[PDB]
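Q: First the structure, then my questions, so here it is.
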Amino acid sequence: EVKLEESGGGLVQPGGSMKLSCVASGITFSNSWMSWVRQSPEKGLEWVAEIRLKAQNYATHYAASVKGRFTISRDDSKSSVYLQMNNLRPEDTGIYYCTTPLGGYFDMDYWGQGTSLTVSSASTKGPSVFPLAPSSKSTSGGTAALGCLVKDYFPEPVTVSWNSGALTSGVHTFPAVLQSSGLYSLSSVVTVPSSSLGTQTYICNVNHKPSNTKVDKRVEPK
Amino acid sequence: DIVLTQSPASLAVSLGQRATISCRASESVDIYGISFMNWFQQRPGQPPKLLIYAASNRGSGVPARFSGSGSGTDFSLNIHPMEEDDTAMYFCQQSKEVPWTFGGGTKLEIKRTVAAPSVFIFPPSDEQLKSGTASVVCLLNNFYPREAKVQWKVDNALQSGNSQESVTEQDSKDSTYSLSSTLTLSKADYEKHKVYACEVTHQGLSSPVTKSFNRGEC
């Protein structure tokens, strides 16, 4: 079975360097053109770099966005291709995939699961968690919404549960947005019976693995 | 570079009907009667999966409801009849010459009947205000289709540039979306004004809905 496996992603500051590695198994690697392709937080695909075969004098190609900052190389003896990335920029953030062959005529291809890179000047920081309190003005229909605003954390991701996982129906935890400050923010909301607002306790449980922090926030009528 | 114009960016199709995704190349991708256009499916968290190679050839094990056609500069991926696990991103990609280039992508979703949003507005918390910033949140819950106009007004002044929207993925059970719009102001700018309003226009509403509050009013 053919498999490609990427590694080496992580956090880095602008101007810094990282090296990605991709190991291939189950394929005659020395006969395969290898490329790196990245995917933006926006979820679009962008080819980065390619390296060809010894018979083609190991010809390399680079996207103009990365020329002079990235270097692709291979070690056929270890069935591996590498991407050395220097002078990194915020816009290099994304999931990086190793793939073959990408170009020419092929009836099958292979892609790794990818490795994540985040380029930012921000320091790791757990979120501030603020209540989105159910309104004191009545609803026409007897359902109330409330939530937690999970603000100013870095890097992604956070996870949010409600009442330690007992409350899951009606929960919407939004994708994060990167703010102009370089920190992320999202809200998690839930719809509940407005008649439970004086009886039922609501607590959002916000975990941020990168900072190894957990914050619980009780959300009450103001 | 060979630039690929993929259309539409967002496509909603009824289960059982045909989804057609198109790609126009800025120059021909043909060499000797072969058209070097590939199509990929991508599910969340997973790498791209080759569906169609060389314009019209189904990949091994790819279900028969996927097909590709085209030559020169004009190509389509057709999915018929659409099934629920076909909701995904799709991308065309030219393999004629380096640099290898991709279309901008199409997000294929399930079309369902119109559903109006329920709208809620949340003032900033007292805790956040003392920190020097104010976030005002407008929530649109469980609506379809995704298109909605959400307009912030502060003492009747139409806001622009100081809000961000976020949308959930389509719900697995009811096929609706929810959306947040968050208005960010300085504590100082927030305390300058009295009335905060979010106006929502959506096909499910016979009349756009305004939710509003007076700053500091319980």
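A note on labels: chains of the structure tokens are A, B, ... as shown, every chain counts residues from 1, and ligands are counted from 1 in their shown order.
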Could you give me, as a list in words, the residues within 7 Å of segment 59-63 of chain A, counting only C-alpha atoms and dropping anything in the same chain fewer than 4 positions from it?
A: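 Surrounding residues, per the criterion: residues 47, 48, 49, 50, 51, 52 and 67 of chain A; 99 of chain B.
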Q: Since we have the selection now, will you write its residues out, keeping C-alpha atoms, as a PDB file, in the first residue's frame?
A:
ATOM      1  CA  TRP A  47       1.147  24.340  -5.576  1.00  0.00           C
ATOM      2  CA  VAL A  48       4.449  25.279  -3.885  1.00  0.00           C
ATOM      3  CA  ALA A  49       7.400  23.321  -5.326  1.00  0.00           C
ATOM      4  CA  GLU A  50       8.292  20.239  -7.369  1.00  0.00           C
ATOM      5  CA  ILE A  51      11.380  18.078  -7.726  1.00  0.00           C
ATOM      6  CA  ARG A  52      11.917  15.711 -10.655  1.00  0.00           C
ATOM      7  CA  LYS A  67      11.063  31.355  -4.968  1.00  0.00           C
TER       8      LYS A  67
ATOM      9  CA  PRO B  99       3.452  25.639 -12.528  1.00  0.00           C
TER      10      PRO B  99
END
Q: Distance table requested - segment 2-22 of chain A against segment 41-61 of chain B, cut-off 12 Å, only C-alpha atoms: one row per qualifying residue with the closest atom pair and its distance in Å to one decimal, ordered by chain and rising residue number, as JSON lines.
A:
{"residue": "A:4", "atom": "CA", "partner": "B:47", "partner_atom": "CA", "distance": 11.1}
{"residue": "A:5", "atom": "CA", "partner": "B:47", "partner_atom": "CA", "distance": 11.7}
{"residue": "A:6", "atom": "CA", "partner": "B:47", "partner_atom": "CA", "distance": 11.8}
Q: Could those selected residues go to a file with C-alpha atoms, as a PDB file, in the first residue's frame?
A:
ATOM      1  CA  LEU A   4       2.880   9.620   2.096  1.00  0.00           C
ATOM      2  CA  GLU A   5       3.504  11.039   5.573  1.00  0.00           C
ATOM      3  CA  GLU A   6       4.298  14.719   6.229  1.00  0.00           C
TER       4      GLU A   6
END
Q: Could you check which of A:87, A:99, A:135, A:213 is closest to residue 124 of chain B, using only C-alpha atoms?
A: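 Residue with the minimum atom-to-atom distance to residue 124 of chain B: A:135.
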Q: I'd like the neighbourhood of residue 171 of chain A as a PyMOL selection string, where a residue qualifies if any of its atoms comes within 6 Å (using only C-alpha atoms), though same-chain residues fewer than 3 positions away should be ignored.
A: chain A and resi 168+189-190
Q: Would you output that residue set with N, CA, C and O atoms, as a CSV table (one decimal), in the first residue's frame?
A:
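Here's the written file out01.csv:
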chain,number,residue,atom,x,y,z
A,168,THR,N,-25.7,19.4,24.2
A,168,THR,CA,-25.2,19.3,22.9
A,168,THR,C,-26.2,19.7,21.8
A,168,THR,O,-25.8,20.2,20.7
A,189,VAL,N,-22.8,29.4,20.8
A,189,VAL,CA,-24.1,29.7,21.2
A,189,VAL,C,-25.0,28.5,21.4
A,189,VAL,O,-24.7,27.4,20.8
A,190,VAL,N,-26.1,28.6,22.1
A,190,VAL,CA,-27.0,27.5,22.3
A,190,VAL,C,-28.4,28.1,22.4
A,190,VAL,O,-28.5,29.1,23.0
Q: Compile the residues of chain B that lie within 9 Å of chain A, evaluated using only C-alpha atoms, and express the compilation as a PyMOL selection string.
A: chain B and resi 34+36+45-50+52-54+57-60+89+91+93-105+120-128+135+137+139+141+164-169+178-180+218
Q: DSSP on the backbone, then: every residue of segment 8-211 of chain A marked strand (DSSP E), written as a ChimeraX atom specification.
A: /A:10-12,18-25,34-39,45-51,60-62,70-75,80-85,94-100,110-111,115-119,128-132,143-153,159-162,171-173,177-178,184-193,203-208
Q: Taking only C-alpha atoms into account, which of A:148, A:183, A:167, A:23 comes nearest residue 219 of chain A?
A: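 Answer, going by the shortest atom-to-atom distance: A:148.
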Q: Counting only C-alpha atoms, which of A:15, A:142, A:127, A:182 gets nearest to residue 214 of chain A?
A: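 Residue with the minimum atom-to-atom distance to residue 214 of chain A: A:127.
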Q: Near residue 211 of chain A, within 12 Å and counting only C-alpha atoms, which residues show up once chain neighbours fewer than 3 positions away are dropped, as a ChimeraX atom specification?
A: /A:123-127,153-158,206-208,214-215
Q: For the selection just defined, write its residues with N, CA and C atoms to a file, as a PDB file, in the first residue's frame.
A:
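The new file out.pdb reads:
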ATOM      1  N   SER A 123       2.244  35.538  20.476  1.00  0.00           N
ATOM      2  CA  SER A 123       2.599  34.545  21.477  1.00  0.00           C
ATOM      3  C   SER A 123       1.390  33.679  21.802  1.00  0.00           C
ATOM      4  N   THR A 124       1.657  32.414  22.138  1.00  0.00           N
ATOM      5  CA  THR A 124       0.608  31.523  22.609  1.00  0.00           C
ATOM      6  C   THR A 124      -0.120  32.133  23.808  1.00  0.00           C
ATOM      7  N   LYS A 125      -1.454  32.129  23.757  1.00  0.00           N
ATOM      8  CA  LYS A 125      -2.249  32.800  24.778  1.00  0.00           C
ATOM      9  C   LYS A 125      -3.620  32.154  24.812  1.00  0.00           C
ATOM     10  N   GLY A 126      -4.060  31.748  25.991  1.00  0.00           N
ATOM     11  CA  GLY A 126      -5.381  31.195  26.149  1.00  0.00           C
ATOM     12  C   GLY A 126      -6.446  32.286  26.067  1.00  0.00           C
ATOM     13  N   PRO A 127      -7.683  31.888  25.776  1.00  0.00           N
ATOM     14  CA  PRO A 127      -8.756  32.874  25.565  1.00  0.00           C
ATOM     15  C   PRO A 127      -9.300  33.515  26.833  1.00  0.00           C
ATOM     16  N   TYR A 153      -7.224  34.532  21.600  1.00  0.00           N
ATOM     17  CA  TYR A 153      -6.379  33.374  21.834  1.00  0.00           C
ATOM     18  C   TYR A 153      -5.486  33.137  20.624  1.00  0.00           C
ATOM     19  N   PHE A 154      -4.412  32.370  20.855  1.00  0.00           N
ATOM     20  CA  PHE A 154      -3.496  32.025  19.789  1.00  0.00           C
ATOM     21  C   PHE A 154      -2.705  30.816  20.243  1.00  0.00           C
ATOM     22  N   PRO A 155      -2.430  29.851  19.365  1.00  0.00           N
ATOM     23  CA  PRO A 155      -2.967  29.674  18.015  1.00  0.00           C
ATOM     24  C   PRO A 155      -4.301  28.931  18.100  1.00  0.00           C
ATOM     25  N   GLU A 156      -4.860  28.573  16.959  1.00  0.00           N
ATOM     26  CA  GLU A 156      -5.969  27.646  16.941  1.00  0.00           C
ATOM     27  C   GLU A 156      -5.501  26.255  17.392  1.00  0.00           C
ATOM     28  N   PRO A 157      -6.414  25.412  17.900  1.00  0.00           N
ATOM     29  CA  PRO A 157      -7.858  25.643  18.051  1.00  0.00           C
ATOM     30  C   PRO A 157      -8.278  25.707  19.506  1.00  0.00           C
ATOM     31  N   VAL A 158      -9.520  26.135  19.720  1.00  0.00           N
ATOM     32  CA  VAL A 158     -10.209  25.912  20.983  1.00  0.00           C
ATOM     33  C   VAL A 158     -11.303  24.879  20.750  1.00  0.00           C
ATOM     34  N   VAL A 206     -14.345  25.871  27.987  1.00  0.00           N
ATOM     35  CA  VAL A 206     -13.477  26.277  26.887  1.00  0.00           C
ATOM     36  C   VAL A 206     -12.072  25.724  27.130  1.00  0.00           C
ATOM     37  N   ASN A 207     -11.650  24.824  26.261  1.00  0.00           N
ATOM     38  CA  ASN A 207     -10.317  24.226  26.346  1.00  0.00           C
ATOM     39  C   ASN A 207      -9.442  24.787  25.242  1.00  0.00           C
ATOM     40  N   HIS A 208      -8.189  25.068  25.580  1.00  0.00           N
ATOM     41  CA  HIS A 208      -7.217  25.556  24.613  1.00  0.00           C
ATOM     42  C   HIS A 208      -5.944  24.744  24.841  1.00  0.00           C
ATOM     43  N   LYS A 214      -7.991  25.570  30.544  1.00  0.00           N
ATOM     44  CA  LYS A 214      -9.421  25.308  30.506  1.00  0.00           C
ATOM     45  C   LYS A 214     -10.058  26.447  31.265  1.00  0.00           C
ATOM     46  N   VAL A 215     -11.119  27.022  30.705  1.00  0.00           N
ATOM     47  CA  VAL A 215     -11.879  28.078  31.366  1.00  0.00           C
ATOM     48  C   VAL A 215     -13.344  27.672  31.339  1.00  0.00           C
TER      49      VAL A 215
END
Q: Rounded to one decimal place, report the atom CA of residue 3 of chain A-atom CA of residue 54 of chain A distance in Å.
A: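 These two atoms are separated by 21.8 Å.
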Q: Quick one, how far is atom CA of residue 25 of chain B from atom CA of residue 82 of chain B?
A: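 That distance, rounded to one decimal, is 25.6 Å.
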Q: Pick from A:169, A:122, A:192, A:24: nearest to residue 81 of chain A, with only C-alpha atoms counted?
A: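 Going through A:169, A:122, A:192, A:24 one by one, the smallest distance to residue 81 of chain A is for A:24.
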Q: Tell me which of B:187, B:204, B:84, B:216 sits closest to residue 142 of chain B, counting only C-alpha atoms.
A: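 Ranked by minimum distance to residue 142 of chain B, first place goes to B:204.
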Q: Skipping near chain neighbours, those fewer than 6 positions away, what residues fall within 7 Å of residue 9 of chain A using only C-alpha atoms, listed as a list in words?
A: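 Here the answer would be residues 20, 115, 116 and 117 of chain A.
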Q: If you keep N, CA, C and O atoms, can you produce a file of those selected residues as a short mmCIF file (atom, residue, chain, number, x, y, z; two decimals), in the first residue's frame?
A:
data_model
loop_
_atom_site.label_atom_id
_atom_site.label_comp_id
_atom_site.auth_asym_id
_atom_site.auth_seq_id
_atom_site.Cartn_x
_atom_site.Cartn_y
_atom_site.Cartn_z
N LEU A 20 10.00 20.92 6.46
CA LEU A 20 9.04 19.84 6.39
C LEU A 20 9.67 18.63 5.74
O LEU A 20 10.54 18.74 4.87
N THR A 115 0.60 18.53 7.04
CA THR A 115 1.17 19.07 8.27
C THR A 115 0.92 20.57 8.35
O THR A 115 1.03 21.28 7.35
N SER A 116 0.59 21.06 9.53
CA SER A 116 0.13 22.44 9.67
C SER A 116 1.27 23.39 10.01
O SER A 116 2.10 23.10 10.89
N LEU A 117 1.26 24.57 9.39
CA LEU A 117 2.22 25.63 9.65
C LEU A 117 1.46 26.90 9.97
O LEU A 117 0.54 27.27 9.24
#
Q: Can you tell me, as a list in words, what residues are no more than 7 Å from residue 194 of chain B when counting only C-alpha atoms, ignoring any on the same chain fewer than 2 positions away?
A: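 Final neighbour list, sorted by chain and number: residues 155, 196, 214 and 215 of chain B.
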Q: Restricting the calculation to only C-alpha atoms, which member of B:77, B:119, B:110, B:19 is positioned closest to residue 202 of chain B?
A: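 The answer is B:119, which sits nearest to residue 202 of chain B.
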Q: Just the number, please: distance in Å from atom CA of residue 84 of chain A to atom CA of residue 8 of chain A, one decimal.
A: 10.1 Å
